[PDB]
There are 2 protein chains.
Amino acid sequence: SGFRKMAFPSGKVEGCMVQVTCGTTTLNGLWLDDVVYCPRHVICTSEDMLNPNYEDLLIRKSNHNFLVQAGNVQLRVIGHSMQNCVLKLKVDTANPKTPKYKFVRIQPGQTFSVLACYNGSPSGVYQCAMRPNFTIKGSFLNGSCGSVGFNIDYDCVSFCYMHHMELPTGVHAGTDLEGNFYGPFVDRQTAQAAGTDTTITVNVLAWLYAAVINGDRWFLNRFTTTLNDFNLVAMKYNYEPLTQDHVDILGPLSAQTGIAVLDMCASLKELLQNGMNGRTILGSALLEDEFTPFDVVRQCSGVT
Amino acid sequence: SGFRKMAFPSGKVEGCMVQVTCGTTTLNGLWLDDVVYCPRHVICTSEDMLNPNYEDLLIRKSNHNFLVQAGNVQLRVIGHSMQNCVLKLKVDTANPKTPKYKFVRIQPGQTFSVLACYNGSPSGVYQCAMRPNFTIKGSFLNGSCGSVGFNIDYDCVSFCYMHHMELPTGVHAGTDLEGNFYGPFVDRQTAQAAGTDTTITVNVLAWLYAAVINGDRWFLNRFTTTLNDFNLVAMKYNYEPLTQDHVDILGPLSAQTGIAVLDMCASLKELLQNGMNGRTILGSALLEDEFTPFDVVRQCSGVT
Ligand SMILES: O=C(Cc1ccc(Cl)s1)Nc1cccnc1
Ligand SMILES: O=C(Cc1ccc(Cl)s1)Nc1cccnc1
């Protein structure tokens, strides 16, 4: 028993972290096979970031201008190309530590681990969620760009995110491993404001199931609700509308605890309308939305 | 910017996780050099745990009874000994992935990362703190015993904890890497109740500094306090007494923000007496006590 914001073991991803220097800019790269992936703003100076023309800026860069360093050895760059907002630096040596991997573009609400890096060296690992407004609430500093988000299925790593930028509101924006930004963000130093940060309803419900499985049951009540009734209350509190699909995904959690999904929605509805009244659920004084139904089942069953 | 409960990269520790089977009991072991460390209750059956005599139970066990498996290869056990509540299984092969390591016994209030394992395979990583009552609030299931807690200083791993047991209150108890339990716990299936879980005051103050550094300043007030005044309020709310030593340790955080430590104590005093009034600090609706002053400086400066 016990519930923690648990990240995937980062070992497989540490072996892929390299340092990419272009001029005076140093950031992190992801070395998989003979390719090093990094954010394309490595070729920019602070001033360039105001109105960058990446195709133009790229012309002035050659293979020998990108300094790729793995640990303390230098990698030879034999080719470079821009795919969307990521640069792909083809090196002559394939990464001996390349795990089985996939590049996946996640949906908002989905969660993943982040291995925060600086100078290609990992410094920490935390569990994040892709917010419904396509931002992430991470912990990134200058030099952290190129740090990646990932999921693991036994031995295969699914890379889903690369960090690119901090918006003026302190939230984070990045791309998938094909260079496409999540959301409407662009790699420019301009006025970019995120949309409403709604709460991931299916994730709070999963975490309420996780609490019940661990002994925290005070929030369980005698009431039930319907999808349309619950959603009228979810709308008012900036909670994502709950669909029959989310209900189905909570099925295994509903089965293990014997609490029908609509009964847990009615509990969540009361928590929304009345607050926690100074109480805690899983040691948290607010409704946690960064555990998916899959994460609860995984943590509660011990998937290695 | 941004503040996350960030764990150390687990790669160096994953390379040390092995599976230890003794009879029908399988748990996790820590393979450093030619020694495998595991909880001594590997030699017990569920029934034995009521009143175990480990020296007696150990006599009936030989080198060939301990099955040590690293990944999928079997390790040959050429010696075994009991040091306090841990077994040390000497194997013939030194772990090629042995990082630079130390065995340290941490103080309560100190924080560390946990690589939760099952069948010697890592499943997740989270950041914990050794509570003042010598328990930890982790996420451990059956099969998790032998999972370790650690800190990293650049490339050296300081192993500080091994998981041994879940108390009936769902909290966790374990030993340092010499087999000595933290707190008054014993590896018996008997009535063991933990003491008061007090809040780590110096850690909340550090996290208030971390919030100020990230833009969350609403809790800053016009007041100050003294160590004795603040402590009268800390006593009432089950907060650890703050010493001049804790004040000195917050010195670098006080210097970076320009907020005197006693001014932050007065802010904390108001938060204790009046609550958050529905507000959040660093996205948390309660006062977080699992970041030490060292962790704040590390996360906020990017120590790799
Ligand atoms: O945002 C940048 C670099 C950029 C400046 C202007 C851009 Cl457009 S991208 N670094 C950063 C710093 C702290 C946390 N996350 C990211
Ligand atoms: O506590 C035990 C095994 C023991 C039974 C009686 C003892 Cl004394 S030690 N496993 C466990 C399960 C879930 C989480 N943490 C630990």
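To match Swiss-Prot, the residue numbers of chain B are left as they are there, and the shown ones run 3264-3567.
Determination method: X-ray crystallography, 2.0 Å.
In case you wondered, yes, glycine gets a Cβ from its N, Cα and C as well.
Of the candidates B:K3353, B:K3532, Swiss-Prot marks one as ubiquitin cross-link, and that one is B:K3353. Sequence-distant contacts (6 or more apart, same chain, Cβ under 8 Å) of B:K3353 (ubiquitin cross-link) comprise B:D3297, B:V3298, B:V3299, B:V3340, B:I3341, B:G3342, B:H3343, B:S3344. Within its own chain, B:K3268 (ubiquitin cross-link) has B:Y3389, B:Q3390, B:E3553, B:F3554 as residues 6 or more apart in sequence whose C-beta sits under 8 angstroms from its own. Using a Cβ-Cβ cut-off of under 8 Å to chain A, the recorded positions B:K3268, B:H3304, B:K3353, B:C3408 reduce to B:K3268. The DSSP secondary structure for B:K3353 (ubiquitin cross-link) is strand.
Long-range C-beta contacts of B:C3408 (active site, nucleophile), restricted to its own chain and to partners at least six residues apart, with a cutoff below 8 Å, comprise B:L3290, B:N3291, B:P3302, B:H3304, B:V3305, B:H3426, B:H3427, B:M3428.
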